[PDB]
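Everything below concerns the one structure shown next.
We place every Cβ from the backbone using ideal geometry, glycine too, and count neighbours over all the protein chains shown. Just so it is clear, none of the values below were taken in a lab; they were calculated from the coordinates.
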Amino acid sequence: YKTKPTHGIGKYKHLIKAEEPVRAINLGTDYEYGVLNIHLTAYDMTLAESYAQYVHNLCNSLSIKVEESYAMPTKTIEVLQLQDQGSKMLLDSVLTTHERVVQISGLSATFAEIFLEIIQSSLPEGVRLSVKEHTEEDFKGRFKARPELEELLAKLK
Amino acid sequence: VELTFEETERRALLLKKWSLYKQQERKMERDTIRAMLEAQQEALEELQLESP
Amino acid sequence: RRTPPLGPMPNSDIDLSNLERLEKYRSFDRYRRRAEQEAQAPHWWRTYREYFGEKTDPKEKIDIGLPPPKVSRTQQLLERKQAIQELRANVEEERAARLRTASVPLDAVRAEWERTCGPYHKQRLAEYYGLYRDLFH
Amino acid sequence: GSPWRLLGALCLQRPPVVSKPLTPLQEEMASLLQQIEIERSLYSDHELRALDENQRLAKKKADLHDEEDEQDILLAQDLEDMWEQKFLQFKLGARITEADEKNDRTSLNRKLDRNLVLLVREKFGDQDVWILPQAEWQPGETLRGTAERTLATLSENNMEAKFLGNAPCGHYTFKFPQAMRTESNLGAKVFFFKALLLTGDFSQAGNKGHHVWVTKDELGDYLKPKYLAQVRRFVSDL
Amino acid sequence: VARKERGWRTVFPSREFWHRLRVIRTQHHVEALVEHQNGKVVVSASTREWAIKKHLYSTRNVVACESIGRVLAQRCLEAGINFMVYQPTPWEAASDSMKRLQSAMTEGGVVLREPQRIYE
RNA sequence: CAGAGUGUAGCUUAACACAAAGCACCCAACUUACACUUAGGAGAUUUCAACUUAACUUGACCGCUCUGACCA
């Protein structure tokens with residue numbers, strides 16, 4: 001009851017993050033970095049996924065918030081080689097590029113040196129590590145292209 | 001093809017040894033992060049006293 | 001009209017500034033474990049235990065039994081650790097537990113139970129039946 | 001000013017070039033994972049090709065019912081032979097190079113599976129002491145910038161380094177001997193900054209007496225016991 | 001004929017019982033308790049006891065959980081406790097350790113369902 | 001080097017004895033991954049003499065963090 005000293009004992013929503021419904025990019029301060037995308041490029045699908053899991057678990061143990069873990073579209077490139085005593089290119093092998101991205105935020109400037117040192121020391125063979133600041137273009141690169149929108153935009157140009 | 005009793009026993013013991021091996025790897029990595037963090041924080045404190 | 005609480009309100013120790021960085025329960029069991037401990041703690045408000053719990057005497061119950069036996073903890077612990085190491089060193093024991101075929105001898109367990117935890121469990125069991133309440137007030 | 005002398009040290013490190021060899025325990029685990037992967041995997045096109053080719057041979061020998069003559073020129077097993085022959089001809093790079101054999105602790109081509117830390121020899125008070133590269137701080141310059149300037153002051157080097165962060169990775173404070181110890185110059189405060197060696201190497205003018213590259217395990221041979229302890233904190237050997 | 005504490009339908013677990021089987025599993029030990037509705041523990045069986053620990057290779061596996069049920073069922077018969085209730089969470093009930101423990105209690109003679117109260 | 005402090009595994013003012021506890025941690029399955037869940041794995045009283053008590057009391061002892069010496 002309101003007048004009783006036990007008023008408000010049942011309150012619970014002040015302990016819960018307000019969830020009242022794409023995502024705004026939060027730039028970091030002078031001492032903390034903003035949203036960061038940790039790209040993992042490799043020719044082996046297992047290596048890319050396994051290291052992304054390792055990075056995701058590493059951040060949790062380091063109390064670093066992980067915004068989102070997702071996979072970039074697979075790139076398939078044909079590999080052709082020139083035949084001996086010939087001028088014709090013949091297909092040799094097919095290579096698929098797999099990219100895994102782990103999105104983190106709130107990284108401290110002083111702690112960035114330690115975090116980058118640990119991840120680069122554990123990088124598997126054949127895996128490329130690239131850490132970039134999150135931008136709108138990178139997020140928009142995960143969506144299908146819209147030729148119909150482009151065609152209408154060309155008329156306006 | 002069904003695995004033999006000896007084959008299953010070998011894998012089970014290997015997995016048990018694998019758990020301890022990965023635990024020691026985490027301890028070495030966790031201590032490595034702690035060692036770097038303690039040194040960096042101590043260095044910053046010394047630097048602040050010398051020249052803010 | 002408001003009245004200040006008679007004591008510390010629940011969830012007052014929670015820091016709402018760093019709510020995002022605070023570790024959550026994330027599971028039903030972890031919340032339940034904390035909930036059970038919180039319920040047992042005394043409170044300044046009206047509770048179920050106030051109206052239904054047994055009104056035990058605040059003074060400690062008088063012990064009128066034989067003195068407890070003297071046991072060397074250091075020697076007892078060393079022997080028990082040696083026994084465990086011998087048991088775990090057996091390959092068959094590890095295989096039996098891994099295959100979920102091992103079992104304990106009830107007769108051997110109870111014989112050791114009578115010498116270590118028997119007298120204490122009997123006191124608790126007799127307390128539940130109220131023998132001490134009637135025989136010795 | 002201050003009685004202590006500000007010094008900015010550079011902890012230049014060479015990242016490993018090759019992957020570390022697997023431990024004997026990891027070799028057992030690696031084989032098991034490969035064995036498990038094959039067991040739970042479906043038949044591949046190469047495997048399906050071999051199975052069908054074996055059946056065609058049976059369908060050509062047991063009964064003369066095959067209605068095709070050309071079939072396939074090369075069998076799956078025969079195709080594996082060509083791949084095997086090419087692999088034998090190709091020669092892989094030497095993981096252990098001539099530097100390891102000769103124990104040439106100056107070149108960067110040694111211990112490609114380990115981490116190398118740059119060490120230089122500097123003479124103080126007619127005494128040669130092995131320390132990390134360092135320079136004295138100057139007005140109008142950040143502490144990290146002094147470490148960057150230290151790289152440019154090396155003996156004919158075109159190395160490129162990638163500094164990580166601005167905060168120092170460690171510090172080392174020492175006092176001068178009482179013979180020359182004065183209130184104006186009580187001692188020095190060295191600050192370490194780590195960087196990654198991307199590309200470049202020293203010229204062939206001076207190699208043995210100028211700089212050495214050693215791992216953390218052998219780092220104690222050159223550093224003083226008090227100086228070694230501080231360096232071993234921010235330098236990892238993972 | 002005794003009153004069971006009915007109600008508490010909006011919370012968990014229910015209080016409508018006389019004795020209940022409560023099983024506590026920790027990181028290194030497994031404990032099973034039979035306590036009355038008032039909160040008094042009647043009988044108990046824990047892997048911390050040297051009587052049970054000395055015969056177990058591990059005190060945190062299915063064998064330990066099954067062994068505790070066998071020991072507790074013997075103590076329940078010696079204590080006169082024949083009927084009790086079990087209130088598991090959905091994941092605990094589907095767990096293999098609890099199924100073995102429930103089987104041990106049933107094979108020991110203890111019924112995991114109390115008879116209904118006689119109102120007339 | 002000396003002096004000063006400190007003493008259960010990562011944390012804990014867990015340890016009356018019936019007992020070295022609780023949590024954190026690691027592998028596997030599930031999960032894109034995390035998380036939950038299930039099923040597993042590894043752990044400690046620095047050591048010793050003192051009602052023989054004693055992780056606890058006290059000494060020694062070993063280790064450990066600090067103040068200086070020492071230092072390029």
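Quick look at the numbers
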read-out: Residues (closer than 19 Å to C:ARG32 by Cβ, of a type outside the set (S, T, N, Q) and in contact with a helix residue (DSSP H, G or I) (Cβ under 6 Å, 6 or more places away or on another chain)) located in the stretch E:89-100; value: E:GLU92, E:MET98
read-out: Of residues in the stretch D:186-195 being within 11 Å of chain B (Cβ to nearest Cβ) and hydrophobic (A, V, I, L, M, F, W, C), the one nearest to A:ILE118 (Cα to Cα); value: D:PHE193
read-out: One residue from A:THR76, A:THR46, A:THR96 being away from every other protein chain (no Cβ under 14 Å) and within 16 Å of RNA strand F (Cβ to nearest atom); value: A:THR96
read-out: Lone unmet requirement of (1) assigned to a loop (DSSP other than H, G, I, E, B); (2) in contact with a helix residue (DSSP H, G or I) (Cβ under 6 Å, 6 or more places away or on another chain) for D:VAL17; value: (2)
read-out: One residue from E:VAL71, E:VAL63 being assigned to a helix (DSSP H, G or I) and near RNA strand F (Cβ under 9 Å from one of its atoms); value: E:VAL63
read-out: Any hit, the stretch D:210-221, residues being within 14 Å of chain A (Cβ to nearest Cβ) and either assigned to a strand (DSSP E or B) or under 30 Å from B:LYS27 (Cβ atoms) (or both); value: yes
read-out: Strands (runs of 3 or more DSSP E) wholly inside the stretch D:62-163 containing at least 3 residues that are out of contact with any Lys or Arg (no Cβ under 9 Å at 6 or more places or on another chain); value: D:116-123, D:160-163
read-out: Selection status of E:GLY109, part of a loop (DSSP other than H, G, I, E, B) and not basic (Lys, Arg); value: yes
read-out: The one condition in (1) more than 16 Å from RNA strand F (Cβ to nearest atom); (2) within 16 Å of D:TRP213 (Cα to Cα); (3) away from chain A (no Cβ under 14 Å) that D:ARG114 fails to fulfil; value: (3)
read-out: Candidate set: the stretch C:104-134, residues that are facing chain E (nearest Cβ under 7 Å) and part of a loop (DSSP other than H, G, I, E, B); chosen: the one surrounded by the fewest Cβ atoms within 10 Å (Cβ to Cβ); value: C:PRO105
read-out: Qualifying residues in the stretch C:4-46 (those that are over 20 Å from A:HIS14 (Cβ atoms) and within 11 Å of chain A (Cβ to nearest Cβ)) - the one surrounded by the fewest Cβ atoms within 10 Å (Cβ to Cβ); value: C:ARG46
read-out: Leading residue by the ranking (farthest from C:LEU125 (Cα to Cα)) among those in the stretch C:72-114 that are of a type in the set (S, T, N, Q) and within 9 Å of RNA strand F (Cβ to nearest atom); value: C:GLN85
read-out: Any chance D:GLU67 is farther than 30 Å from D:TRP213 by Cβ and either surrounded by fewer than 12 Cβ atoms within 10 Å (Cβ to Cβ) or within 28 Å of the chain's Cα centre (by Cα) (or both); value: yes
read-out: Residue within the stretch D:17-35 that is exposed (fewer than 10 other Cβ atoms within 10 Å of the Cβ), out of contact with any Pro (no Cβ under 6 Å at 6 or more places or on another chain), over 30 Å from B:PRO52 (Cα atoms) and charged (D, E, K, R) present; value: no
read-out: Wholly within the stretch A:38-157, helices (runs of 4 or more DSSP H) carrying at least 3 residues that are surrounded by 14 or more Cβ atoms within 10 Å (Cβ to Cβ); value: A:45-61, A:109-121
read-out: Which listed residue is within 13 Å of RNA strand F (Cβ to nearest atom), aliphatic (A, V, I, L, M) and closer than 30 Å to A:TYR33 by Cα, from D:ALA135, D:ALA179; value: D:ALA135
read-out: Counted residues, the stretch C:80-99 - those being within 27 Å of C:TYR120 (Cα to Cα), of a type outside the set (A, V, I, L, M) and surrounded by 11 or more Cβ atoms within 10 Å (Cβ to Cβ); value: 1
read-out: From the options B:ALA39, B:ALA35, B:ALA12, residue that is of a type in the set (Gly, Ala, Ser), facing another protein chain (nearest Cβ under 9 Å) and touching a strand residue (DSSP E or B) at 6+ places or on another chain (Cβ under 9 Å); value: B:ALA39
read-out: Any hit, the stretch B:42-52, residues being farther than 30 Å from C:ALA96 by Cα, part of a helix (DSSP H, G or I) and near RNA strand F (Cβ under 9 Å from one of its atoms); value: yes
read-out: Scope the stretch A:111-157; condition out of contact with any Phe, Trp or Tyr (no Cβ under 8 Å at 6 or more places or on another chain), within 14 Å of chain D (Cβ to nearest Cβ) and of a type outside the set (D, E, K, R); matching residues; value: A:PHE111, A:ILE114, A:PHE115, A:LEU116, A:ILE118, A:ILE119, A:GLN120, A:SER121, A:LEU129, A:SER130, A:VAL131
read-out: Filter result for the condition that a residue is surrounded by 16 or more Cβ atoms within 10 Å (Cβ to Cβ) and at the interface with chain C (Cβ under 9 Å from one of its Cβ atoms), over E:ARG60, E:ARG100; value: E:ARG100
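Yes/no matrix, rows are residues, columns are (1) facing chain C (nearest Cβ under 9 Å); (2) surrounded by 20 or more Cβ atoms within 10 Å (Cβ to Cβ); (3) away from RNA strand F (no atom under 13 Å from the Cβ); (4) within 20 Å of C:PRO105 (Cβ to Cβ):
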position	(1), (2), (3), (4)
E:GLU31	no, no, no, no
E:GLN37	no, no, yes, no
E:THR47	no, yes, no, yes
E:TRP50	yes, no, no, yes
E:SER67	yes, yes, no, yes
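Every residue, every condition in (1) touching a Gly at 6+ places or on another chain (Cβ under 8 Å); (2) of a type in the set (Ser, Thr, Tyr); (3) within 14 Å of chain A (Cβ to nearest Cβ); (4) part of a loop (DSSP other than H, G, I, E, B), yes or no:
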residue	(1), (2), (3), (4)
D:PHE174	yes, no, no, no
D:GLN178	no, no, no, yes
D:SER184	no, yes, no, yes
D:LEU197	no, no, yes, no
